[PDB]
Amino acid sequence: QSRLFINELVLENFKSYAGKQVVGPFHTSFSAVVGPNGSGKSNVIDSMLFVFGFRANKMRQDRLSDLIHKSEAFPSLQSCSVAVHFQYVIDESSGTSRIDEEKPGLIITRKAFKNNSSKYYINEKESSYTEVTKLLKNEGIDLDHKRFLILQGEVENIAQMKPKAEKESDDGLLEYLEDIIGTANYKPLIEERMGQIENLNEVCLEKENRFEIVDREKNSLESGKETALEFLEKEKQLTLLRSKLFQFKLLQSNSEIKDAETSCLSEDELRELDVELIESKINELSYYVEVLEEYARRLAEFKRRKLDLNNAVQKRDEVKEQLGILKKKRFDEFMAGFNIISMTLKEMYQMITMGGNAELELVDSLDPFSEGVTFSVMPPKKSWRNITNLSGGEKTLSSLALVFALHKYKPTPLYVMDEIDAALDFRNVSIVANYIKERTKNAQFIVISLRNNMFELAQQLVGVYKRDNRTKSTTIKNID
Amino acid sequence: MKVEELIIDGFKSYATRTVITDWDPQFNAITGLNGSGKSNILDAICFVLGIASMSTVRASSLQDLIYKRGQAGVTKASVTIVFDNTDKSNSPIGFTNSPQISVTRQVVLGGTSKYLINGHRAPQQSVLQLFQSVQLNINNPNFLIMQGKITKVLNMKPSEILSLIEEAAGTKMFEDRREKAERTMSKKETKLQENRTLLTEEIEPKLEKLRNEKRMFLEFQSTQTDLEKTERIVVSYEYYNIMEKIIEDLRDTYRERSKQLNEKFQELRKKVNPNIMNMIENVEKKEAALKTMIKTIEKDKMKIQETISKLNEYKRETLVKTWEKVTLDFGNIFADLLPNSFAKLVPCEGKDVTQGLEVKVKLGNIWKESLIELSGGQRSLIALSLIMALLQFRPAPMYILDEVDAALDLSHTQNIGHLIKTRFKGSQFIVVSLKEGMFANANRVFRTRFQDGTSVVXXXXXXXX
Amino acid sequence: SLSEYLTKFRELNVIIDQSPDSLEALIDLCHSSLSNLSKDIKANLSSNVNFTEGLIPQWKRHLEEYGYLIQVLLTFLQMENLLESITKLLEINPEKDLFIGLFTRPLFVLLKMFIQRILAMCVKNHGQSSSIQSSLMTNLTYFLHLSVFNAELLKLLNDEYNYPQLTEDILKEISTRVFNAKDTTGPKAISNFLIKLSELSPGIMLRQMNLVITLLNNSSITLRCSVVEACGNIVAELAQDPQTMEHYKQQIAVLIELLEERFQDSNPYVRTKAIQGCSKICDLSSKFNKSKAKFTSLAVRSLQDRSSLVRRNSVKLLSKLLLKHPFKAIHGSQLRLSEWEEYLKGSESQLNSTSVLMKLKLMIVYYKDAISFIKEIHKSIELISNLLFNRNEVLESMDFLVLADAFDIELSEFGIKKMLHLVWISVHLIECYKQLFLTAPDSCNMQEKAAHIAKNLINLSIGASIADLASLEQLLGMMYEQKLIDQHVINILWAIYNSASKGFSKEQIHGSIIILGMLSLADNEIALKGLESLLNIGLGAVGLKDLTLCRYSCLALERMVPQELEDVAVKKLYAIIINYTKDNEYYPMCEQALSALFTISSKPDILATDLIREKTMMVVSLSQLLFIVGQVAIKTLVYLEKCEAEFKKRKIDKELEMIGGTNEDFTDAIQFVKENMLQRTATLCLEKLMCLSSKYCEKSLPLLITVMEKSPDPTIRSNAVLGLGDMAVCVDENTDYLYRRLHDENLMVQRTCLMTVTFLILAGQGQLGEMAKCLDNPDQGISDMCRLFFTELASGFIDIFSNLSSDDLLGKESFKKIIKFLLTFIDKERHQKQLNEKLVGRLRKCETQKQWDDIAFXXXXXXXXX
């Protein structure tokens, strides 16, 4: 499978690049741009950030008109434009270079108009941002995270990053590794759900308890309602017996009709049916005499309400179990990716620094989402210390180790930086140089620094020079 | 009562028995320079009367009034007063047998006071009633022995003192305070009256239901009696028309149905209440209580307005009566005492008699408004005239005046003595002069001087159908 | 109209200041100058009437209505006037019962000498003890801050008025009434009342001591504290106004017995209150031979308590009884055990060999009491020294044993040693050390004081090991910034050291140079000056007699830098470097001498080459010392390389001569051929070569492991485990190999290996099973160190809990699993929610259920599952 990479850049009437500036072709494996201090590299990084729409937080919004050439000799020009080209390249086992399409792949341009106007043009045809970012994501370049961007801002943020997102905008180390593992927008949603649905379950359980108390009161009333109904049934039976006795007495002097016809065998059953006991039972019934709709009353409504409350409690338990299952499926791959990236950063720090060890660990040991994740570093001939009480060298070393672990975790064909290893020792610079030269072959990288060991291994040298306040770029190979 | 005998022995000054007699029954003037010796008499008199509301009489112990506080040989003080009681009218009831009242006041070491009325002991209430029978109070211009220090307060006085002097005979503020207290008491008792009315209104429905039950029971009894009479008539008719044993022992379906209905109604409306007499007695007692309560309510309602109207009428009548009488008397006294003069009572500035009245005087032929234009002698003279005109409201068979003549004049004292001898006849007057050289027209001038520490001078069916 | 008035409970000035209806109207109208004059005239007229003696009902009604209006005025609410009028009318003296009732009850509800006068002038009632008793009972049961005031009232009834009848009546009605423990803030108020009664006047509450026995057995603690303070104040007053009563003496005796019985109560508050009472009553003017004897014998056994404040109170008791000990008859302020022992021996020898008989027997019993007291204080010092090893108890208890050591006793040096071993807050210890160790008597001069201080430091510094002396010199350097030792003491100690070349019979000759090197660790200018004093002694002819003196002088000279390298110092040191074998000594001397020569020199490399060339010219002890000095030379060479590297880095370096400058010449081809007293140094050097470029590890780890796993010498095994623990910093993963020697036959090897294990985990670092198995092992010091390590790391617990639950299947330890589990469960994990469900998810044995009931290892789930 082939991968996409950039060949050259084109600038027209830039703030620091006046006129047409065509950069030479870049190397397929590794390239490097170089320029003196304050020569215009900031303009290059600003143009690169403006191409992908990632506007910086230093300049105010809708102020892209500054990208147009504004100087003393040219106070007003026509317009600004930048153009980047992309094409395919194949990486084989041995040293070679294969191409699947000899023609240029894509051409992305974004012009600026002094009335604060901008537009995206892919293949010299106008387009929007959603379609082009979806096409870039389909090609393996996701613009959701700035994986290709390496800036000292992220370094100083990680150096001050808390284990948890204590700031309302600054994401903590836990949120940082969440965006790293791609499961960032999975925790807050399920957390808000486990909060709101659980509150609803609590209030509906309180309502169900109230309904159960009402049903208990209804059952306490039914405890006497059933006795009243039994007394009414006994009174009805006594009245039926009295009617049968009256019919038998009226027939002897000559249910209800059946007993009357069977009275007057007939004479035997009339004269032998315990006349004395019949009179005694009649007297007892008359003494006891001197409800039926309770089954079809609010008692049944109370039972239905209790059943509805039980069903609501069952549904609450079911949704609670569902939320628990949803929150349980997270920490598995959470800890999996945690251990994976931990092993990658451990082996990277062991092969690069050859001394000490950097590692991110939970402040606790059981709950990964309890408080947060801290990051400790042990320099050579030293002990474990926090990332906040170290120097700049150890900070940028840990940062480059982390970004190398991220690159090894998720591949990316583009990578840019600007003076990240500035003011360090030449040993680590040579180490990262030979690492990016040998251990990395299936991607394109851009390094900007002043150290000597940087351009000694760069296959493509893109030198920028500023003459008469006009910057121009010249690209050459690494021939000797 | 005429003071013609005085016996003072065993006191702070009267250590020896001094002959004090030959008293004039018309005018008595006890003068001299011995002020303390003369004041000791009034001290002993007020000690007998039990007065202890004076800066010179009130002491921490009762032993101080004895000679040298009872520590210089005279350890006891015994005085005897003999009051002539020929006037049976002013004499108290039950004590008209003794022609002369003898009061022996003896005090010894310890502080015990003795009481003797014609040779009999008497508590403070008895002597208080005996004094009230002779018009001797505590908060009144009476007890002539000493009236106070009104003469000095009479100088630089607003109309308030004159209004209170007039009210001393008017006595309207006390009535106002008493009526305000009674009105507050009635307003407080209105709550209890409302509570009684509420209790009666809550009791009424019980008796109403009792009367209703009694009427229902009477109606049921009448219906039962009618049904029984109908049944008896039917039985008599059946016996006359005609197994006869049951008919003899017992003695138209609509009539039988009505009788059965009446019997059922009487059985279902028994309402056993054998205490109907007690019920009607309670009813009539409640009616009597209610009618008496309403009659008391209307009585007090009428009494309130009647008392208000009587207050207004009596106030106006007494106001005009005093504004005539005391004004005429003061004018006559000012014309008799001070020759060629006239003083009257006039409102302050277009005011009424209720607001207040001031005194307009006349020095010779010059009308003077305020007393500041008069000398101290004239102020003392008008104060003496006012205190002499004030004592006529509460008359007494005797009078004793004590040290009010500060700077009187010669001719003015002569005129005062002449008016006392002429206008004040029938009253036994004693006067103790503070400044000497005055009262040269007195018939008897007691020259009291200090010396040796003391003072010296079938058939049923046919019947039914 | 008394009953009616009790049930119901301007124009007036013209008659009040100058009749029944008028009086009633005035009373109704009256219901502040007018009221002042009214009360004044009423008071003086009532006084006059009472002085001069049918007239009583009027004055009775008048006083009743005036009391009623005064009551309503004080309840509705200048005050000084009405209080003065009340004092006037109360001193004048049925209806009197209700009178005093309505005069005290509203006054008690309302509630400063005026109020005291009111309460004093209202107790003149005769026969009304029931009413006042009920009122005071209601006060104690309802009011809290007034009860103490009531005590003051009893005071004005006790001595000011001198009426014992009412006092004893109130006392008996207070001691006979029933008390309850369910009252809120009631027992505390009663306790404060009795405390004030005992503090202001405890003499009257003594006569009824035979009745308060019921109150002495109260279940609550407030009344117990109150009654012990009461009897303390009582015996204080009895011993202060001796008055010499026999019944009061018997009461003192029986209450002292009650205090001795209550000293072992199950409450700290009552114990501390009894301690305060006995401390305030022991300093009275009396002898109390048997009393103080039993006090000391019962306090010497109860000092080892379990609470905090009771312990410090007991130490205060011991200090207070020690500072005022009655043993001051003969040679006071002296508690020498030998003196009392020889005196007792002489007395018992003269007894076996009549006033003289009485005097000798009293001397004998006094010596017996003295020796019992000295053995008691000795044993109490022993207990406190073995229990002290809460900061308040540490800072407060110092004065007691400091004063104890101030008196000459046989435990002086041992007591000082224990104090020093215990002290390692700081201001107190340094100030008492300045007061005691640096004392200066005014009778002696400056030179005598310096000599005394020198003798003191010599006799206290020459009787300890290396570790305690190191801690003592650290503490001394932490208190040397004040410049306590003057220049005269420095001169006299320098003179003593100079005269020590030759009262030092080998026990102080070494101690002098010991304290020299001990004090030189505080300042550098002390060792820089006076080099010739150590040249002719530490490196002169004296340096050939004893090698310990040479070692200590080398320490002293090495501590100079915190002569322009031209003196004879380095020459004399190199001359001493010559082989001094055939003796067990000379090891640490050379060990420190090589360092002293290398760390401070012009060029240590040429000197090291000269040494290694002149030494290898040369029975086996020679080669042993050669290997030793070569290894220490290469170690110090690495040290100087590192120090020069960091010096050049801190100048304000090519990074190739430090990390890469370890593959030079002088290999170890001869040091390892001896392995495959003799082999000791061989193993030491073979294990020390592990810091040479770290290649010796990857070269001969299996060889060293094999030769160390079968080492019969325990010292060699301890050296191996400490070297392996130190090698964890300089980095290879040698795990699962050092934990195999955690259980050996020798205890010293186990101690060393566990020490290195606990040290490497702090800096330079699973398999945490044996660290919990060694918890119930013998040699209790090991268990104490393990507990200290377990408590020090708590600065996750679920990890070690899972490790223990997984390793519990070892099947090796018996009857010690529950103990270890209870030991590791002291520090919780602050959640107590995840491990619960983790254990409910998987549990097999019954110990899981039993320790889940115990502490850790929901309730409904546990009940359902078990």
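Cut-offs applied
- Residues numbered from 1 in each chain as written, not as in the entry; some residues may be left out.
- Chains lettered and ligands numbered in written order.
- Heavy atoms only, no water.
- Residues with missing side-chain atoms left out of burial classes, pairs and counts.
- Helix = DSSP H or I, 4+ residues; strand = E, 2+ residues; numbered from the N terminus.
- Rg over C-alpha atoms; globule rule 2.2 N^0.38 Å.
- Pairing = 2+ DSSP bridges.
- Axes fitted to C-alpha atoms, helices over the stretch in contact; angles between N-to-C directions.
- Contact = heavy atoms within 4.5 Å.
- Nonpolar A, V, L, I, M, F, W, Y, C, P; charged D, E, K, R; others polar.
- Expected span 1.5 Å × (residues − 1).
- UniProt positions renumbered as here; feature names shortened; annotations may be inferred.
- Polar contact = N/O pair within 3.5 Å; in protein donor to acceptor, adjacent residues only side chain to side chain.
- Domains from an automatic or database assignment.
- Parallel < 35°, antiparallel > 145°, perpendicular 65-115°, else oblique.
- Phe/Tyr/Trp six-rings, centres within 6.5 Å; stacked < 30°, edge-to-face > 60°.
- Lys NZ or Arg CZ within 6 Å of the ring centre and 35° of its normal.
- Salt bridge = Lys/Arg side-chain N within 4 Å of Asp/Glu carboxyl O.

- cryo-EM is the method the PDB entry states for this structure, with the resolution given as 7.5 Å.

What to know about the overall build of chain B
- Broken down by element type, chain B carries eleven helices and eleven strands.
- Taking 465 residues into account, the globule formula puts the C-alpha radius of gyration at 23 Å, and chain B, at 42 Å, lies well above it.
- A principal-axis box enclosing the C-alpha atoms of chain B has dimensions of 140 × 65 × 40 Å.

Some details on the overall build of chain A
- Within chain A one finds twelve helices and 14 strands.
- In summary, chain A has a C-alpha radius of gyration of 43 Å against a globular reference of 23 Å for 480 residues, an excess of more than 25%.
- In terms of principal-axis extent, the alpha carbons of chain A reach across some 145 × 60 × 45 Å.

Let's talk about the sheet that holds strand 13 (residues 461-467) of chain A
All names here are of chain A.
- The three strands are arranged 3-13-14 in an open sheet whose pairing can be described as mixed. Edge positions in the open sheet fall to strand 3 (32-34) and strand 14 (470-476), since each of these has one partner strand only. Each adjacent strand pair in this sheet contributes to an overall mean axis angle of 20 degrees, direction not counted.

Brief notes about the interface of chain A and chain C
- Chain A puts nine residues into the contact, and the matching count from chain C is twelve residues.
- Of the residues assigned to the side of chain A that touches chain C, the class counts are three nonpolar, three polar and three charged.

What about helix 9 (residues 298-352) of chain A?
- Under the 1.5 Å per step criterion, the end-to-end length of helix 9 of chain A is 80 Å for 55 residues, consistent within 8% with the ideal 81 Å.
- Once helix 9 of chain A ends, the next one or two residues include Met-354 of chain A, with phi positive near 55 degrees.

Thoughts on the UniProt feature "binding site: ATP" in chain A
All names here are of chain A.
- In the numbering used here, UniProt assigns the "binding site: ATP" feature to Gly-35, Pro-36, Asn-37, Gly-38, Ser-39, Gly-40, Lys-41 and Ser-42.
- Following the sequence through the fold, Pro-36 ends up in the loop between strand 3 and helix 1 (41-51).
- Apart from residues lying up to four places away in sequence, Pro-36 is in contact with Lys-41 and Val-464.
- For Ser-39, the location among the structural elements is in the loop between strand 3 and helix 1.
- Excluding residues within four positions of it along the chain, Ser-39 makes contact with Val-464, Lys-466 and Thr-471.
- From its side chain, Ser-39 meets the backbone oxygen of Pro-36 in a polar contact 2.5 Å long.

A short note on the domain arrangement of chain B
- Looking at chain B, the domain boundaries give domain 1 (1-144 + 395-457) and domain 2 (188-295).
- On a C-alpha basis, the centroid separation for the pair domain 1 of chain B and domain 2 of chain B is 86 Å.

A word on the interface of chain B and chain C
- The partner chain C presents seven residues to the seven residues of chain B that form the contact.
- For the side of chain B that touches chain C, a count of residues per class yields two nonpolar, five polar and no charged.

A word on the arrangement of the chains
- Contacts are most numerous between chains A and C, taken over all two pairs of chains that touch.
- Contact between chain A and chain B is absent, and the least distance between their C-alpha atoms amounts to 17 Å.

Digging into the packing of helix 35 (residues 680-688) of chain C against helix 37 (residues 714-726) of chain C
Residue and element names in this part refer to chain C.
- Running from N to C, helix 35 and helix 37 cross one another at 5 degrees; their axes reach a closest spacing of 10 Å. The angle between helix 35 and helix 37 falls in the class roughly parallel. Along its contact with helix 35, which presents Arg-680, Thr-683, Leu-684 and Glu-687, the element helix 37 presents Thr-715, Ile-716, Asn-719, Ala-720, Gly-723 and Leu-724.
- Here the residues of the contact of helix 35 with helix 37 are counted per class, giving four nonpolar, four polar and two charged.

Things to note about the UniProt feature "binding site: ATP" in chain B
- Sites flagged by UniProt as "binding site: ATP" map to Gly-32, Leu-33, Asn-34, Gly-35, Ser-36, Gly-37, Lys-38 and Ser-39 of chain B.
- One can find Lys-38 of chain B in helix 1 (residues 35-49).

So, the packing of aromatic side chains
- Consider the rings of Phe-327 of chain C and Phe-373 of chain C, whose centres lie 4.9 Å apart with planes at 35 degrees: the pair is tilted.
- Relative to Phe-790 of chain C, the ring of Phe-789 of chain C lies with its centre 5.7 Å away and its plane at 70 degrees, an arrangement referred to as edge-to-face.
- Each member of the aromatic cluster is reached from another via a ring pair, and the members are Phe-797, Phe-801, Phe-821, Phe-825 and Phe-857 of chain C.
- For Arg-451 of chain A, the ring lying beneath its charged end belongs to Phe-426 of chain A, and the centroid distance is 4.1 Å.
- Across from the ring centre of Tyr-115 of chain B, 5.7 Å away, lies the NZ or CZ of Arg-105 of chain B, which sits over that ring.

A word on the sheet that holds strand 8 (residues 428-432) of chain B
Residue and element names in this part refer to chain B.
- Judged by pairing direction, the sheet is parallel, and its four strands sit side by side in the order 7-8-1-9 without closing on themselves. Across the chains shown, the open sheet's two edge strands, defined by having one partner strand only, are strand 7 (398-402) and strand 9 (445-447). Put simply, the sheet's adjacent strands are angled 15 degrees from each other on average, direction ignored.
- Taken together, the three bridges between strand 1 (residues 28-31) and strand 8 define a ladder with parallel strand orientation. What sits directly across from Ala-29, in strand 8, is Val-431.

Focus: the pattern of salt bridges
- Among the salt bridges present, the one from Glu-12 of chain A reaches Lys-20 of chain A, with a minimum N-O distance of 3.5 Å.
- The partner of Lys-360 of chain B in a salt bridge is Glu-369 of chain B, with the nearest N and O atoms 2.6 Å apart.
- The network of salt bridges with shared partners includes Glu-358, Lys-360 and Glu-369 of chain B.

Points about unusual backbone geometry
- Phi angles above zero are rare outside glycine, and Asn-123 of chain A is one such case at about 50 degrees.
- Take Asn-123 of chain A: it is sitting in the loop between strand 6 (117-122) and strand 7 (125-127).
- Although it is not a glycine, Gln-767 of chain C adopts a positive phi angle of roughly 40 degrees.
- Mapped onto the secondary structure, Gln-767 of chain C falls in the loop between helix 38 (747-760) and helix 39 (770-773).

Focus: the pairing of strand 1 of chain B
- Pairing of strand 1 of chain B with strand 9 of chain B, which is carried by three bridges, proceeds in the parallel orientation. Bridging from a neighbouring strand, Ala-29 of chain B pairs with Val-445 of chain B of strand 9 of chain B.

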